[PDB]
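A.B. asks:
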Amino acid sequence: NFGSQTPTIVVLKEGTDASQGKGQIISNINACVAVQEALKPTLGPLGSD
Amino acid sequence: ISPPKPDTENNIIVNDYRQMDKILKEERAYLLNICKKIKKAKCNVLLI
Amino acid sequence: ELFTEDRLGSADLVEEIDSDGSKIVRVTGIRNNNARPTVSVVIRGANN
Amino acid sequence: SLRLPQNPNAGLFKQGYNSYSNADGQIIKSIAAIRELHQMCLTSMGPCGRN
Amino acid sequence: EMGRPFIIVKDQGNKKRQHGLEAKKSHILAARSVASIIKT
Amino acid sequence: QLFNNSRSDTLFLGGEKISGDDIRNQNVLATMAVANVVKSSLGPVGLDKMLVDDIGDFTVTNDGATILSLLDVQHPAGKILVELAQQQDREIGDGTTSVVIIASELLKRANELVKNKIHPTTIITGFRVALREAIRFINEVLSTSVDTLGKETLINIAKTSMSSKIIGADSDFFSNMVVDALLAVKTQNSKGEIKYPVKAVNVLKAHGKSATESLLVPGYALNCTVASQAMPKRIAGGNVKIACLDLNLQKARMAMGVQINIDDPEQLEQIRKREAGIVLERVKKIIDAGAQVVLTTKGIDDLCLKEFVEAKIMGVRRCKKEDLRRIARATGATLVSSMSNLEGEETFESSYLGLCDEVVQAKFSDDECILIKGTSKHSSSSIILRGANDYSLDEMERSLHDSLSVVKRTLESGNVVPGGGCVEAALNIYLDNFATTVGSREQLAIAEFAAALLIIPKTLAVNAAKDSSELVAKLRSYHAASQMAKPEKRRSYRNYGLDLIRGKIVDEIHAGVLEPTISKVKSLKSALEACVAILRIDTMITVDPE
Amino acid sequence: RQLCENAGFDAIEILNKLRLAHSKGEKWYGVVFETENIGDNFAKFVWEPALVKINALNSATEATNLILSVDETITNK
Ligand SMILES: Nc1ncnc2c1ncn2[C@@H]1O[C@H](COP(=O)(O)OP(=O)(O)O)[C@@H](O)[C@H]1O
Ligand SMILES: [Mg+2]
Numbered sequence: 002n003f004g005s006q007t008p009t010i011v012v013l014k015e016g017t018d019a020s021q022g023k024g025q026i027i028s029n030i031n032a033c034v035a036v037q038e039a040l041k042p043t044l045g046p047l048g049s050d
Numbered sequence: 241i242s243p244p245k246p247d248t249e250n251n252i253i254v255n256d257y258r259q260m261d262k263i264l265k266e267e268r269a270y271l272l273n274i275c276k277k278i279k280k281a282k283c284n285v286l287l288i
Numbered sequence: 337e338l339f340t341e342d343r344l345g346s347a348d349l350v351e352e353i354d355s356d357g358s359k360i361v362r363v364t365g366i367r368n369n370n371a372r373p374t375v376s377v378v379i380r381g382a383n384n
Numbered sequence: 002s003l004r005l006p007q008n009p010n011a012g013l014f015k016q017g018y019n020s021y022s023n024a025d026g027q028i029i030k031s032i033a034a035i036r037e038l039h040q041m042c043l044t045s046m047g048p049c050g051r052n
Numbered sequence: 024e025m026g027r028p029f030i031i032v033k034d035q036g037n038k039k040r041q042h043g044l045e046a047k048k049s050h051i052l053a054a055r056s057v058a059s060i061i062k063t
Numbered sequence: 003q004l005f006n007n008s009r010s011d012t013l014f015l016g017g018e019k020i021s022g023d024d025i026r027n028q029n030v031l032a033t034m035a036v037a038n039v040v041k042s043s044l045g046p047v048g049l050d051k052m053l054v055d056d057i058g059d060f061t062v063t064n065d066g067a068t069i070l071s072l073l074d075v076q077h078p079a080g081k082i083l084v085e086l087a088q089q090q091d092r093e094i095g096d097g098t099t100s101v102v103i104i105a106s107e108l109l110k111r112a113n114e115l116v117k118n119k120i121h122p123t124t125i126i127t128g129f130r131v132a133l134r135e136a137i138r139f140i141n142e143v144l145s146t147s148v149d150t151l152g153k154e155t156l157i158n159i160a161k162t163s164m165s166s167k168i169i170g171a172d173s174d175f176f177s178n179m180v181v182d183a184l185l186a187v188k189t190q191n192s193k194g195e196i197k198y199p200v201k202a203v204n205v206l207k208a209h210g211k212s213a214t215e216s217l218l219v220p221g222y223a224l225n226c227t228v229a230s231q232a233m234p235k236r237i238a239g240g241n242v243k244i245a246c247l248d249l250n251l252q253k254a255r256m257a258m259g260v261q262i263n264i265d266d267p268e269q270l271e272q273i274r275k276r277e278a279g280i281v282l283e284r285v286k287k288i289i290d291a292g293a294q295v296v297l298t299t300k301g302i303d304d305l306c307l308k309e310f311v312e313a314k315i316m317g318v319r320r321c322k323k324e325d326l327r328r329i330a331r332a333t334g335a336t337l338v339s340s341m342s343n344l345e346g347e348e349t350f351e352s353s354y355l356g357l358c359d360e361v362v363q364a365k366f367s368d369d370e371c372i373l374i375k376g377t378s379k380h381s382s383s384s385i386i387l388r389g390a391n392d393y394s395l396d397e398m399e400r401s402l403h404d405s406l407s408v409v410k411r412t413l414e415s416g417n418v419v420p421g422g423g424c425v426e427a428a429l430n431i432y433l434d435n436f437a438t439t440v441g442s443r444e445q446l447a448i449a450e451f452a453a454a455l456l457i458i459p460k461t462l463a464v465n466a467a468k469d470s471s472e473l474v475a476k477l478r479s480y481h482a483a484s485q486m487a488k489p490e493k494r495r496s497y498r499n500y501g502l503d504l505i506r507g508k509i510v511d512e513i514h515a516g517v518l519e520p521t522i523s524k525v526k527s528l529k530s531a532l533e534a535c536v537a538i539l540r541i542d543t544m545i546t547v548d549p550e
Numbered sequence: 451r452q453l454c455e456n457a458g459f460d461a462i463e464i465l466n467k468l469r470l471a472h473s474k475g476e477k478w479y480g481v482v483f484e485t486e487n488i489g490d491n492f493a494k495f496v497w498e499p500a501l502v503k504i505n506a507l508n509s510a511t512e513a514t515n516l517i518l519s520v521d522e523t524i525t526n527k
């Protein structure tokens, strides 16, 4: 009423990441599999550094 | 296969209304007698 | 004027099939039996 | 016609201040604003709740 | 990626990696670049 | 995945260089990234989607044929699945959503075989021996479609193609519509081979009552407006003659590069008259023939409209080329590109005209359509779809267009098989016993090939928001006993699948869902040929544009 | 699995030999890198304590179960 715009009230702050859907927990698993790939060939005596 | 003309550009004039009847008939006649020779030679498939 | 029957070939079947969208013209057999024949093979595939 | 008068007597308050009355379905929006984070609480109540 | 910013380590775009055979050729040729300085 | 690799270390390429298992992982995520939008659209429990063009325009689509074509992907490994969706729409016309999911999972499940130091040449060989063993098993388990005395081998076929659409609930009404449409537009070719031209029926974008009250036209419906408003709209009486012309009927100039030149100004008006008269001499002989309805591809000038209004002839301009061939084919006329004969004279014969019983122009929500019904020589058909708006009818247009292709194949090939993931679950039990026989490294390739085929019945339960393992375990139990059936019918525990609306395993023959076997054949080969194309790539070389 | 892949040996021939040979290889059955074969580890005098194994499974089971009970991700700013 005090303004012609009447902005819609967002729940969270601007810039907050996305939310529920399909692939949220899968991204966390793929993030762990990504870090797990770096430590993968370092296993055993015949590994690498 | 086209109406009669050389490869270069030409000019056709019409001095009388009766000339158009001969032009429209003779243009298809040049296509007609080609089809007659194709029918005389019994050529069933053409590649252009 | 030089169009005649001696210069034409022959074939048993000339058709154009539509095999699931792919349109192709095919000729079957040549009765001329020249000295050196030719080879033609179509290549089909799922992807280009 | 090209532009509205853009809410006259709006200089009573600052430009940043905004009013939100019960009309225009805004109380429904406040219920919908609760519904955003309330559904986050659905997955988090009980022994099978998710952190 | 799935549209979201897939970042793991801080300063993701700055640092690089190298593996396989190309990582070895960078090592041996780097030694040959220093060996040519010392060989003469 | 982790970080970007070194850019041309002692290689001197203008573009990017990458190698190893990183790009092989990127191809898996690339095929999975484009397959996630296709996951939720599979099966009757799947939901539709909408694609916005950033101009306000949007279109609702369920099938992945045109969705992936609209989604402009820049990664070339994903383009093969984009073209695979377009390829499957051309030949089969159904199952575009399934080949993308099957091809993606075959690459995803084979990704574990890559890091086992199994070569891709050995993996595809194990997949190919599983393929030809699966095709023979499909050729053993299928069935011909004369099948039974009642039809309903065509009423049930439409339900499978009509499922997972907005009008899937109205499939009981539209099932009789599609079977009555394609049986009317049959033809004869190759000395006894019957063909069914898809898209020959006219799908009109009408608005009005509902999809349930869509009236099936017993004949072809032309979608075009009348030239003049003072013409007669309705033409009754039997034996209505149809004239199909294509020559240029409006007043046109002389030959393409000639110049009219005359010295005597007396004949300047006469040459103007005969140019206006020579076009009316063609209209004069059509009136002598007595053609009530005339259709023209090109325009119609006002000099010709006065003769049709006077003689009560229905002249319609702005027809298209592909339509008039079906009008002449249905009404019995022949396509006339020009009026001439082997002789030098110019005339028009009555044999060129068609025949139909009734022609009526109808208007419904700003859509004028000429309803031509009662073709004597050969029957025709058209479907007037009715819905909310044009963008909702585009889904119905694709729903009907896919239904014609499925009903086309079950008549061309009577062999069919049940839906609900029956054959996808049956091949797993057949290939597990075959995987142990071959012995060496191809056991894992044949085994993981079978595990990838189970994704079709699993996705039906995941999208249903129900417990999936119980349905898969029960479907696994019945199919497990099918191989050990112990023949002596009492060969039960076969031809069963999932029932999602109730959540039980029942007989698909009684439920009334079937699919032709040829769709399963071409989908498996095209899915595996796409899998062969992605697995064999080792290193990418992306050259930037100059 | 990965212990033999780094050695350059094929994993299928190894993993098929481990499963079908546990009857006579009751407990001390494992991989041997020297002879390029599989045999008893008690004769090779390779030993390792058990505390690495218990804390590995407990930490790994606690790690996977931590985020498996998570279906959200909130990142302010
Ligand atoms: N009523 C139904 N009950 C069980 N399964 C069904 C039913 N309708 C369709 N399906 C399954 O859905 C799969 C694909 O359906 P399809 O009609 O191709 O979907 P779309 O039209 O989106 O391509 C088929 O393999 C079939 O087994
Ligand atoms: Mg379908």
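Those protein sequence lines, which keep their order, are chains A, B, C, D, E, F and G.
Everything in the first sequence is counted per full-length UniProt numbering, starting at 2 for the first residue and increasing by one.
Everything in the second sequence is counted per full-length UniProt numbering, starting at 241 for the first residue and increasing by one.
Everything in the third sequence is counted per full-length UniProt numbering, starting at 337 for the first residue and increasing by one.
Everything in the fourth sequence is counted per full-length UniProt numbering, starting at 2 for the first residue and increasing by one.
Everything in the fifth sequence is counted per full-length UniProt numbering, starting at 24 for the first residue and increasing by one.
Read in order, the letters of the sixth sequence are residues 3 to 490, 493 to 550 in full-length UniProt numbering.
Everything in the seventh sequence is counted per full-length UniProt numbering, starting at 451 for the first residue and increasing by one.
Built from N, CA and C at the ideal position, the CB exists for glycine as well.
#1: Between the stretch 520 to 536 of chain F and the stretch 135 to 142 of chain F, can you find at least three pairs of beta-carbon atoms closer than 8 angstroms?
#2: Helix, strand or coil: how does DSSP classify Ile372/F here?
#3: Closest by CA to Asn6/F, which one among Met25/E, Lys47/E, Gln35/E?
#4: At the level of alpha carbons, what is the spacing between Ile517/G and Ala510/G?
#5: Could one say the Cβ of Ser509/G lies closer than 9 angstroms to chain D's Cβ atoms, at least one of them?
#6: Does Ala506/G have its Cβ less than 9 angstroms from a Cβ in chain A?
#7: Between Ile120/F and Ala223/F, which are expected to be in contact by the criterion C-beta below 8 angstroms, what is the C-beta distance as a whole number of angstroms?
#8: Taking all protein chains shown into account, do 16 or more other C-beta atoms lie within 10 angstroms of the C-beta of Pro122/F, making it buried, or fewer, making it exposed?
#9: Would you say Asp247/B lies against chain F (beta-carbon separation less than 9 angstroms)?
#10: Less than 8 angstroms separating the Cβ of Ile458/F from some heavy atom of ligand 1?
#11: What would DSSP say about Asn251/B, mapped onto helix, strand or coil?
#12: Rounded to the nearest angstrom, what separates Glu533/F and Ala105/F at their Cα positions?
#13: Does the distance between the C-beta of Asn204/F and the nearest non-hydrogen atom of ligand 1 fall short of 8 angstroms?
#14: For residue 492/F, which residues of its own chain have a beta-carbon under 8 angstroms away from its beta-carbon, when the five flanking residues on both sides are left out?
#15: Just to confirm, does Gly516/F get its C-beta within under 8 angstroms of one of the non-hydrogen atoms of ligand 2?
#16: For the alpha helix (DSSP H) that contains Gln272/F, what are its first and last residues?
#17: What residues does ligand 2 have around it, judged by CB closer than 6 angstroms to any heavy atom, in chain order?
#18: Report the residue from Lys41/A, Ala39/A, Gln25/A whose alpha carbon sits nearest the alpha carbon of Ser519/G.
#19: Please tell me whether, using a cut-off of 8 angstroms, the distance from the CB of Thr123/F to the nearest non-hydrogen atom of ligand 1 is below it.
#20: According to DSSP, what are the bridge partners of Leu387/F?
#21: What's the gap between the Cα of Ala454/F and the Cα of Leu108/F?
#22: Quick one: does the C-beta of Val482/G sit closer than 8 angstroms to a heavy atom of ligand 4?
#23: What does the alpha-carbon distance come out to for the pair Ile126/F and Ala132/F?
#24: Roughly how many angstroms separate the alpha carbons of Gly356/F and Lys375/F, rounded to a whole number?
#25: Going straight from the alpha carbon of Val547/F to that of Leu13/F, what length do you get?
#26: Anything in chain B within Cβ reach of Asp265/F, meaning under 8 angstroms, just list it in chain order.
#27: Any idea what DSSP makes of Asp34/E, helix, strand or coil?
#28: Closer than 9 angstroms, Cβ to any Cβ of chain C: which residues of the stretch 83 to 100 of chain F, in chain order?
#29: Would you kindly report the start and end of the unbroken beta strand (DSSP E) that includes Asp342/C?
#30: From the DSSP output, in three-state form, read off residue 414/C for me.
#31: Leaving out five residues on either side along the sequence, give the residues of the same chain with a beta carbon under 6 angstroms from the beta carbon of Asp359/F.
#32: Please name the residues in the stretch 234 to 263 of chain F whose beta-carbon is closer than 7 angstroms to at least one beta-carbon of chain B, in chain order.
#33: Scan the stretch 289 to 342 of chain F and note each continuous beta strand (DSSP E) run of 3 residues or more that stays entirely inside, going in chain order.
#34: For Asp65/F, verify whether its CB is less than 8 angstroms away from any heavy atom of ligand 1.
#35: Give the interface partners of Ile31/E over in chain F, defined as CB-CB distance under 8 angstroms, in chain order.
#36: Would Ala347/C pass as an interface residue toward chain F - the criterion being a Cβ-Cβ separation below 9 angstroms?
C.D. replies: On the basis of the supplied data:
#1: yes
#2: Stepping through the sixth sequence from its first residue, residue 372/F is reached at position 370. It is a strand residue.
#3: Walking along the sixth sequence from the start, residue 6/F turns up at place 4. Out of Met25/E, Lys47/E, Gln35/E, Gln35/E has the C-alpha closest to the C-alpha of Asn6/F.
#4: Mapped onto the seventh sequence, residue 517/G falls at position 67. Mapped onto the seventh sequence, residue 510/G falls at position 60. The straight-line gap from Cα to Cα measures roughly 12 angstroms.
#5: Working through the seventh sequence from its first residue, we reach residue 509/G at position 59. By this cut-off, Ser509/G is not an interface position.
#6: Walking along the seventh sequence from the start, residue 506/G turns up at place 56. No, no contact with chain A.
#7: Residue mapping note: residue 120/F aligns to position 118 of the sixth sequence, counting from 1. Residue mapping note: residue 223/F aligns to position 221 of the sixth sequence, counting from 1. With a Cβ gap of about 58 angstroms, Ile120/F and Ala223/F do not count as contacting.
#8: Taking the sixth sequence and counting its residues from 1, one reaches residue 122/F at position 120. Buried, since its Cβ has 16 or more Cβ neighbours within 10 Å.
#9: Taking the first residue of the second sequence as 1, we reach residue 247/B at position 7. Cβ-Cβ to chain F under 9 angstroms: no for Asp247/B.
#10: Reading the sixth sequence from its first residue, position 456 is the one you call residue 458/F. Yes, Cβ of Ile458/F sits closer than 8 angstroms to a heavy atom of ligand 1.
#11: As a working note, residue 251/B is residue 11 in the second sequence. Three-state DSSP puts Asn251/B in coil, outside helix and strand.
#12: Taking the sixth sequence and counting its residues from 1, one reaches residue 533/F at position 529. Taking the sixth sequence and counting its residues from 1, one reaches residue 105/F at position 103. Computed Cα separation, rounded: 9 angstroms.
#13: If you number the sixth sequence from 1, residue 204/F lands on position 202. No, the beta carbon of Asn204/F sits no closer than 8 angstroms to any heavy atom of ligand 1.
#14: You won't find residue 492/F in this model, because chain F goes from 490 right to 493.
#15: Start at 1 with the first residue of the sixth sequence, and residue 516/F comes out as number 512. It does not: the Cβ of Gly516/F is nowhere closer than 8 angstroms to a heavy atom of ligand 2.
#16: Numbered from 1 along the sixth sequence, position 270 holds the residue referred to as residue 272/F. First-last of the alpha helix (DSSP H) with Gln272/F: 270 to 291.
#17: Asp96/F, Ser163/F, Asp404/F
#18: Locating residue 519/G in the seventh sequence gives position 69, where the first residue counts as 1. Among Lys41/A, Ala39/A, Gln25/A, the Cα nearest to that of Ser519/G is on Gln25/A.
#19: Residue numbering aside, residue 123/F sits at position 121 when the sixth sequence is read from its first letter. No.
#20: Stepping through the sixth sequence from its first residue, residue 387/F is reached at position 385. According to DSSP, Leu387/F bridges with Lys207/F.
#21: The residue you call residue 454/F lines up with position 452 of the sixth sequence. The residue you call residue 108/F lines up with position 106 of the sixth sequence. Each residue's Cα considered, the two are about 6 angstroms apart.
#22: Of the ligands one can find in the structure shown, namely ligand 1 and ligand 2, none is ligand 4.
#23: Mapped onto the sixth sequence, residue 126/F falls at position 124. Mapped onto the sixth sequence, residue 132/F falls at position 130. Computed Cα separation, rounded: 9 angstroms.
#24: Taking the first residue of the sixth sequence as 1, we reach residue 356/F at position 354. Taking the first residue of the sixth sequence as 1, we reach residue 375/F at position 373. Going by the C-alpha atoms only, they are around 13 angstroms apart.
#25: The sequence position of residue 547/F within the sixth sequence is 543, counting from 1. The sequence position of residue 13/F within the sixth sequence is 11, counting from 1. Cα-Cα distance, rounded: 14 angstroms.
#26: Residue 265/F sits at position 263 when you count from the first residue of the sixth sequence. Residues of chain B passing the Cβ test: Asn255.
#27: Position 11 of the fifth sequence, counting from 1, holds the residue named residue 34/E. Coil at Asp34/E, not helix or strand.
#28: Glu85, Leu86, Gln89, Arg92, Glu93, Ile94
#29: Taking the first residue of the third sequence as position 1, residue 342/C is located at position 6. That residue, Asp342/C, is in no beta strand (DSSP E); it is neither H nor E in DSSP.
#30: The shown model of chain C, from 337 to 384, leaves out residue 414/C, and the question about it has no answer.
#31: As a working mapping, residue 359/F is identified with position 357 in the sixth sequence. Counting only Cβ-Cβ distances below 6 angstroms, and skipping sequence neighbours, we find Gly240, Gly376.
#32: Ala257, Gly259, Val260, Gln261, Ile262, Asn263
#33: 295 to 298, 316 to 318
#34: For the purposes of this step, residue 65/F is identified with residue 63 of the sixth sequence, where counting begins at 1. True, at least one ligand heavy atom lies under 8 angstroms from that Cβ.
#35: In the fifth sequence, counting from the first residue as 1, residue 31/E sits at position 8. Those are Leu4, listed as they occur along chain F.
#36: Here residue 347/C refers to the residue found at position 11 when the third sequence is read from its first residue. No, because no Cβ of chain F sits closer than 9 angstroms to the Cβ of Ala347/C.
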